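The block underneath contains the structure these notes are about, expressed in structure tokens.
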Amino acid sequence: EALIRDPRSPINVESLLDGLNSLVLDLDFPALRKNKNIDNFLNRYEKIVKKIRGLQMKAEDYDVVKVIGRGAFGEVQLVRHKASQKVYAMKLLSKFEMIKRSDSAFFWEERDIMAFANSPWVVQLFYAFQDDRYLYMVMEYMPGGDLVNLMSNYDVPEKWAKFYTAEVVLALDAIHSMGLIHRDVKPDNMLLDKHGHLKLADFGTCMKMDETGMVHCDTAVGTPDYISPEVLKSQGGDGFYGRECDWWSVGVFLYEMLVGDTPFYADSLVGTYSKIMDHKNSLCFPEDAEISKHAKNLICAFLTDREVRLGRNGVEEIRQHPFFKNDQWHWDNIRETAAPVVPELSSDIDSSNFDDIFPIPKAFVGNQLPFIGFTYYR
Ligand SMILES: CNC(=O)c1cc(F)cc(Cn2ccc3cc(-c4cn[nH]c4C(F)(F)F)ccc3c2=O)c1
């Protein structure tokens with residue numbers, strides 16, 4: 001009864017119900033019911049399980065206002081809780097699609113981080129639940145938009161980039177000191193809160209480090225404009241990198257904010273992938289840049305090989321780069337100072353910073369087994 005009480009422990013009630021409910025799910029097919037045992041079970045339990053499924057958090061308890069972001073295996077809806085009228089962002093992952101086209105385990109870390117970091121820098125998850133087709137992650141909704149939309153609507157001044165970069169650095173470092181590497185740092189994944197401050201999201205790509213502070217992966221992950229050369233090189237086996245691969249992407253982000261184009265752009269993927277590997281020969285600023293001395297400096301210090309990449313030793317040697325000199329904040333209080341863009345929000349459901357958007361088995365498969373334990377209620 002002890003381990004049962006722990007919502008992190010593998011055998012809490014949320015888990016025990018998921019299994020029982022996953023069992024009925026994966027067994028109630030006319031083919032399989034031709035086994036006596038399976039029918040005996042589904043007889044004794046199908047009525048109760050259907051009643052139970054109704055009492056558990058389900059997709060229907062959420063008014064859906066707009067789809068505000070799509071993705072590889074699902075979408076993110078702006079939803080309002082019908083019974084409590086509270087407003088959340090709800091990510092949906094498709095069990096169908098994760099099973100076929102994925103490692104289909106990325107979601108545990110993504111949930112665990114958003115449910116337990118309790119950091120100013122990490123989007124907070126309140127509920128994880130599921131049904132026969134989908135995983136659901138219910139999180140605080142960030143009404144400021146992402147840094148993509150913002151760069152889309154402003155001539156970003158270095159004062160601002162000095163602000164946003166610092167917040168991303170503190171956030172990546174927060175994520176880091178929790179043992180995790182965020183392998184997919186893009187302006188798409190940096191979100192702005194009610195007051196215009198940064199929060200990281202989409203931890204689909206997170207990997208916990210070992211005690212030596214490295215990860216050993218053997219598949220290239222991320223998105224191509226931002227892939228670091230070691231992760232890109234790691235696709236060929238013997239991938240050994242540390243958290244410095246995030247600072248590479250922080251580099252790409254500063255470049256894109258100030259220049260307006262990604263530093264290793266190419267018409268094709270193979271072009272970008274090649275341009276990344278050849279970064280000593282391919283990184284150049286446009287002659288008509290109007291980029292600062294220290295700005296171009298910091299960016300070049302990020303976009304180099306991992307052996308010599310700035311931030312290798314720690315976060316403290318990024319903070320002290322002259323690019324960060326400013327009459328507007330210090331490093332230990334930047335989330336307490338005013339943000340360069342504060343969203344004019346009229347309502348709790350303001351969606352303005354957002355643009356608009358199985359087989360039946362013969363025998364037993366157990367397609368719902370990977371998802372036992374995902375349900376969680378804070
Ligand atoms: C392997 N990755 C996938 O399959 C995948 C599936 C998806 F649906 C979406 C994505 C990428 N993406 C896009 C927007 C997004 C927005 C929020 C969020 C959280 N709180 N508030 C919001 C906001 F209001 F900004 F929407 C949280 C996560 C994501 C996010 O992950 C990836």
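Labels for the structure tokens follow display order: chains A, B, ..., residues from 1 in each chain, ligands from 1.
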Test item: residues at most 6 Å from region 59-73 of chain A, only C-alpha atoms, excluding those fewer than 6 positions along its chain, as a PDB file with N, CA, C and O atoms, in the first residue's frame:
```pdb
ATOM      1  N   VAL A  79      -7.178  24.498 -24.888  1.00  0.00           N
ATOM      2  CA  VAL A  79      -8.391  23.874 -24.400  1.00  0.00           C
ATOM      3  C   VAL A  79      -8.789  24.628 -23.153  1.00  0.00           C
ATOM      4  O   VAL A  79      -7.948  25.241 -22.490  1.00  0.00           O
ATOM      5  N   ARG A  80     -10.084  24.604 -22.844  1.00  0.00           N
ATOM      6  CA  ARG A  80     -10.573  25.076 -21.557  1.00  0.00           C
ATOM      7  C   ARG A  80     -11.295  23.921 -20.872  1.00  0.00           C
ATOM      8  O   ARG A  80     -12.145  23.252 -21.480  1.00  0.00           O
ATOM      9  N   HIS A  81     -10.910  23.660 -19.626  1.00  0.00           N
ATOM     10  CA  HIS A  81     -11.561  22.638 -18.822  1.00  0.00           C
ATOM     11  C   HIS A  81     -13.042  22.967 -18.652  1.00  0.00           C
ATOM     12  O   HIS A  81     -13.389  24.017 -18.112  1.00  0.00           O
ATOM     13  N   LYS A  82     -13.923  22.061 -19.088  1.00  0.00           N
ATOM     14  CA  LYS A  82     -15.353  22.370 -19.053  1.00  0.00           C
ATOM     15  C   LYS A  82     -15.838  22.585 -17.620  1.00  0.00           C
ATOM     16  O   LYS A  82     -16.479  23.595 -17.317  1.00  0.00           O
ATOM     17  N   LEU A  93      -0.315  13.010 -28.502  1.00  0.00           N
ATOM     18  CA  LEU A  93       0.564  12.117 -29.239  1.00  0.00           C
ATOM     19  C   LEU A  93      -0.249  10.909 -29.688  1.00  0.00           C
ATOM     20  O   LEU A  93      -1.053  10.376 -28.917  1.00  0.00           O
ATOM     21  N   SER A  94      -0.089  10.512 -30.949  1.00  0.00           N
ATOM     22  CA  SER A  94      -0.871   9.413 -31.505  1.00  0.00           C
ATOM     23  C   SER A  94      -0.176   8.087 -31.231  1.00  0.00           C
ATOM     24  O   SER A  94       0.958   7.872 -31.669  1.00  0.00           O
ATOM     25  N   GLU A  97       0.710   6.340 -34.496  1.00  0.00           N
ATOM     26  CA  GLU A  97       1.903   6.846 -35.173  1.00  0.00           C
ATOM     27  C   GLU A  97       3.181   6.583 -34.386  1.00  0.00           C
ATOM     28  O   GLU A  97       4.231   6.335 -34.983  1.00  0.00           O
ATOM     29  N   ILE A 357      -4.222  26.580 -37.755  1.00  0.00           N
ATOM     30  CA  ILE A 357      -3.876  25.227 -38.195  1.00  0.00           C
ATOM     31  C   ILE A 357      -5.118  24.544 -38.812  1.00  0.00           C
ATOM     32  O   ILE A 357      -6.124  24.278 -38.131  1.00  0.00           O
TER      33      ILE A 357
END
```
Exercise. Show me which residues sit within 8 Å of ligand 1 when counting only C-alpha atoms and all ligand atoms, and put them as a ChimeraX atom specification.
Key: /A:68-78,88-93,106,123-124,139-146,188-189,191-192,201-205
Residues as selected, N, CA and C atoms, written as a short mmCIF file (atom, residue, chain, number, x, y, z; two decimals), in the first residue's frame, can you do that?
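Output file part-v8.cif follows:
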```cif
data_model
loop_
_atom_site.label_atom_id
_atom_site.label_comp_id
_atom_site.auth_asym_id
_atom_site.auth_seq_id
_atom_site.Cartn_x
_atom_site.Cartn_y
_atom_site.Cartn_z
N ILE A 68 -3.24 25.05 -32.01
CA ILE A 68 -2.25 26.12 -32.07
C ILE A 68 -0.87 25.63 -32.40
N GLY A 69 -0.71 24.35 -32.70
CA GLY A 69 0.58 23.85 -33.11
C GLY A 69 0.46 22.40 -33.50
N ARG A 70 0.98 22.03 -34.66
CA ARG A 70 1.00 20.63 -35.03
C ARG A 70 2.43 20.10 -34.83
N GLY A 71 2.62 18.84 -35.17
CA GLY A 71 3.88 18.18 -34.90
C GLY A 71 3.89 16.84 -35.59
N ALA A 72 4.97 16.10 -35.37
CA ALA A 72 5.17 14.83 -36.06
C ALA A 72 4.08 13.82 -35.70
N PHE A 73 3.82 13.61 -34.41
CA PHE A 73 2.89 12.57 -33.98
C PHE A 73 1.63 13.12 -33.32
N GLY A 74 1.32 14.40 -33.53
CA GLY A 74 0.07 14.94 -33.01
C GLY A 74 0.05 16.45 -33.05
N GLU A 75 -0.85 17.02 -32.25
CA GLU A 75 -1.08 18.46 -32.24
C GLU A 75 -1.17 18.96 -30.80
N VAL A 76 -1.16 20.28 -30.67
CA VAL A 76 -1.31 20.98 -29.41
C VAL A 76 -2.57 21.84 -29.54
N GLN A 77 -3.56 21.56 -28.71
CA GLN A 77 -4.79 22.33 -28.68
C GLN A 77 -4.79 23.30 -27.51
N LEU A 78 -5.34 24.48 -27.74
CA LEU A 78 -5.74 25.36 -26.65
C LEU A 78 -7.10 24.88 -26.15
N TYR A 88 -5.79 25.51 -20.54
CA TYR A 88 -4.56 24.75 -20.66
C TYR A 88 -4.16 24.63 -22.12
N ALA A 89 -2.89 24.29 -22.33
CA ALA A 89 -2.42 23.81 -23.62
C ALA A 89 -2.33 22.29 -23.51
N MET A 90 -2.82 21.59 -24.53
CA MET A 90 -2.90 20.13 -24.47
C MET A 90 -2.21 19.52 -25.68
N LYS A 91 -1.06 18.88 -25.45
CA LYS A 91 -0.40 18.12 -26.50
C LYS A 91 -1.01 16.73 -26.62
N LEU A 92 -1.17 16.27 -27.87
CA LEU A 92 -1.73 14.96 -28.20
C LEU A 92 -0.70 14.18 -28.99
N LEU A 93 -0.31 13.01 -28.50
CA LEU A 93 0.56 12.12 -29.24
C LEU A 93 -0.25 10.91 -29.69
N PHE A 106 9.86 8.42 -26.25
CA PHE A 106 10.32 9.78 -26.00
C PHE A 106 9.43 10.49 -25.01
N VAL A 123 8.04 24.44 -19.01
CA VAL A 123 6.59 24.44 -19.05
C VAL A 123 6.07 23.38 -18.10
N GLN A 124 5.11 23.75 -17.26
CA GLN A 124 4.64 22.84 -16.22
C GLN A 124 3.50 21.96 -16.75
N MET A 139 -0.84 21.11 -19.95
CA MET A 139 0.19 21.97 -19.40
C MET A 139 -0.30 23.41 -19.33
N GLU A 140 0.35 24.20 -18.46
CA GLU A 140 0.10 25.63 -18.46
C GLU A 140 0.34 26.17 -19.85
N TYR A 141 -0.56 27.05 -20.27
CA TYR A 141 -0.59 27.59 -21.62
C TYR A 141 0.24 28.87 -21.70
N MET A 142 1.11 28.97 -22.69
CA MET A 142 1.99 30.13 -22.76
C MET A 142 1.49 31.11 -23.82
N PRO A 143 0.82 32.20 -23.42
CA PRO A 143 0.10 33.02 -24.40
C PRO A 143 0.97 34.02 -25.14
N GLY A 144 2.26 34.09 -24.84
CA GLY A 144 3.12 35.02 -25.56
C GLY A 144 3.57 34.59 -26.95
N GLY A 145 3.33 33.34 -27.37
CA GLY A 145 3.86 32.85 -28.63
C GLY A 145 5.27 32.30 -28.48
N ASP A 146 5.86 31.87 -29.59
CA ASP A 146 7.25 31.44 -29.57
C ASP A 146 8.13 32.54 -30.12
N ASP A 188 11.34 27.64 -32.28
CA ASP A 188 10.03 27.01 -32.17
C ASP A 188 9.75 26.47 -30.77
N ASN A 189 10.78 26.07 -30.03
CA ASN A 189 10.63 25.44 -28.72
C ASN A 189 10.81 26.40 -27.56
N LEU A 191 9.14 29.44 -25.66
CA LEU A 191 7.81 30.03 -25.52
C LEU A 191 7.84 31.15 -24.50
N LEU A 192 6.90 32.09 -24.64
CA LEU A 192 6.83 33.29 -23.81
C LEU A 192 5.59 33.26 -22.91
N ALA A 201 10.16 24.03 -24.18
CA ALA A 201 9.12 23.02 -24.35
C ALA A 201 9.62 21.95 -25.34
N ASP A 202 8.71 21.08 -25.78
CA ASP A 202 8.99 19.93 -26.66
C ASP A 202 10.23 19.18 -26.20
N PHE A 203 10.12 18.47 -25.09
CA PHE A 203 11.23 17.68 -24.58
C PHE A 203 11.18 16.26 -25.12
N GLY A 204 10.40 16.03 -26.17
CA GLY A 204 10.41 14.79 -26.92
C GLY A 204 11.81 14.27 -27.17
N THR A 205 12.79 15.17 -27.23
CA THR A 205 14.14 14.81 -27.63
C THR A 205 15.13 14.77 -26.47
#
```
Quiz item: Could you pull the residues within 10 Å of residue 362 (chain A), counting only C-alpha atoms, minus those fewer than 2 positions along the same chain, as a PyMOL selection string?
Solution: chain A and resi 29-32+359-360+364-365
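For the pair CA of residue 241 (chain A) and CA of residue 215 (chain A), the separation is 5.8 Å.
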Exercise. Please provide the set of residues having any atom within 8 Å of region 245-253 of chain A, restricted to only C-alpha atoms, with same-chain residues fewer than 5 positions apart removed, written as an MDAnalysis selection string.
Key: chainID A and resid 165 168:169 172 181:187 225:228 230:231 262:263 298:304 306 309:311
I need the residues from that last selection saved to file as a PDB file, in the first residue's frame (with C-alpha atoms), if you can.
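Output file again.pdb is given in full below:
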```
ATOM      1  CA  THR A 165      19.681  34.555 -25.325  1.00  0.00           C
ATOM      2  CA  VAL A 168      17.578  30.528 -22.998  1.00  0.00           C
ATOM      3  CA  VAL A 169      21.039  30.000 -21.534  1.00  0.00           C
ATOM      4  CA  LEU A 172      19.195  25.242 -20.935  1.00  0.00           C
ATOM      5  CA  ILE A 181      20.433  17.324 -22.577  1.00  0.00           C
ATOM      6  CA  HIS A 182      17.817  19.119 -24.685  1.00  0.00           C
ATOM      7  CA  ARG A 183      18.821  17.933 -28.039  1.00  0.00           C
ATOM      8  CA  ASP A 184      16.346  20.129 -29.983  1.00  0.00           C
ATOM      9  CA  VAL A 185      16.847  23.810 -29.058  1.00  0.00           C
ATOM     10  CA  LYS A 186      14.984  25.841 -31.711  1.00  0.00           C
ATOM     11  CA  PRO A 187      13.105  29.164 -31.530  1.00  0.00           C
ATOM     12  CA  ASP A 225      19.059  23.982 -39.203  1.00  0.00           C
ATOM     13  CA  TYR A 226      20.129  23.473 -35.567  1.00  0.00           C
ATOM     14  CA  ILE A 227      21.695  19.970 -35.368  1.00  0.00           C
ATOM     15  CA  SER A 228      25.136  20.244 -33.799  1.00  0.00           C
ATOM     16  CA  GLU A 230      28.628  16.035 -33.148  1.00  0.00           C
ATOM     17  CA  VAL A 231      24.984  14.899 -32.988  1.00  0.00           C
ATOM     18  CA  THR A 262      19.837  30.446 -40.310  1.00  0.00           C
ATOM     19  CA  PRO A 263      23.619  30.281 -40.545  1.00  0.00           C
ATOM     20  CA  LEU A 298      29.755  35.087 -29.178  1.00  0.00           C
ATOM     21  CA  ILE A 299      28.059  33.444 -32.143  1.00  0.00           C
ATOM     22  CA  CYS A 300      31.358  32.258 -33.556  1.00  0.00           C
ATOM     23  CA  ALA A 301      32.357  30.965 -30.116  1.00  0.00           C
ATOM     24  CA  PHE A 302      29.222  28.763 -30.101  1.00  0.00           C
ATOM     25  CA  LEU A 303      29.367  27.550 -33.707  1.00  0.00           C
ATOM     26  CA  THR A 304      32.642  25.644 -33.435  1.00  0.00           C
ATOM     27  CA  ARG A 306      32.739  20.680 -29.345  1.00  0.00           C
ATOM     28  CA  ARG A 309      33.095  25.237 -27.938  1.00  0.00           C
ATOM     29  CA  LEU A 310      32.244  28.033 -25.493  1.00  0.00           C
ATOM     30  CA  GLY A 311      30.286  26.722 -22.527  1.00  0.00           C
TER      31      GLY A 311
END
```
Quiz prompt | Residue with smallest distance to residue 198 (chain A) - pool A:164, A:273, A:136, A:323, counting only C-alpha atoms | solution =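 Among A:164, A:273, A:136, A:323, it is A:164 that comes nearest to residue 198 (chain A).
Take CA of residue 110 (chain A) and CA of residue 336 (chain A): the distance between them is 26.7 Å.
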Exercise. Looking only at strand (DSSP E) from DSSP on the backbone, list the matching residues of region 197-330 of chain A as an MDAnalysis selection string.
Key: chainID A and resid 198:200 206:208 214:215 241:242
With N, CA, C and O atoms kept, could you save the residues just selected as a short mmCIF file (atom, residue, chain, number, x, y, z; two decimals), in the first residue's frame?
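And here is the file that came out, part_23.cif:
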```cif
data_model
loop_
_atom_site.label_atom_id
_atom_site.label_comp_id
_atom_site.auth_asym_id
_atom_site.auth_seq_id
_atom_site.Cartn_x
_atom_site.Cartn_y
_atom_site.Cartn_z
N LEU A 198 10.88 33.62 -21.08
CA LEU A 198 11.14 32.40 -21.82
C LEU A 198 10.74 31.15 -21.03
O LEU A 198 10.82 31.13 -19.80
N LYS A 199 10.24 30.13 -21.73
CA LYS A 199 10.11 28.77 -21.18
C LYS A 199 10.41 27.78 -22.30
O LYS A 199 9.99 27.98 -23.44
N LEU A 200 11.18 26.74 -21.99
CA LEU A 200 11.46 25.71 -22.98
C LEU A 200 10.33 24.68 -23.03
O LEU A 200 9.61 24.47 -22.05
N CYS A 206 14.66 14.72 -25.24
CA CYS A 206 15.59 14.79 -24.13
C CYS A 206 16.23 13.44 -23.84
O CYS A 206 15.62 12.39 -24.06
N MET A 207 17.47 13.48 -23.36
CA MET A 207 18.22 12.29 -22.98
C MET A 207 18.93 12.60 -21.68
O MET A 207 19.57 13.64 -21.58
N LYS A 208 18.82 11.70 -20.70
CA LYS A 208 19.53 11.89 -19.44
C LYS A 208 21.00 11.49 -19.62
O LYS A 208 21.31 10.51 -20.31
N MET A 214 27.97 12.81 -20.04
CA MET A 214 27.86 12.63 -21.47
C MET A 214 26.62 11.80 -21.78
O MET A 214 25.93 11.29 -20.89
N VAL A 215 26.33 11.70 -23.07
CA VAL A 215 25.35 10.76 -23.57
C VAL A 215 26.05 10.01 -24.68
O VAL A 215 26.99 10.52 -25.30
N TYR A 241 28.79 12.72 -26.95
CA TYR A 241 28.74 14.16 -26.74
C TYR A 241 28.24 14.48 -25.34
O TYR A 241 27.66 13.64 -24.64
N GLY A 242 28.45 15.72 -24.96
CA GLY A 242 27.94 16.20 -23.70
C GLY A 242 26.96 17.33 -23.94
O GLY A 242 26.49 17.54 -25.06
#
```
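Using only C-alpha atoms for every distance, the candidate list A:294, A:217, A:374, A:286 yields A:294 as the residue closest to residue 320 (chain A).
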Exercise. Check the smallest atom-to-atom distance from each of A:131, A:1, A:39, A:46 to residue 58 (chain A) using only C-alpha atoms, then report the winner.
Key: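 Of the candidates, the smallest distance to residue 58 (chain A) is held by A:131.
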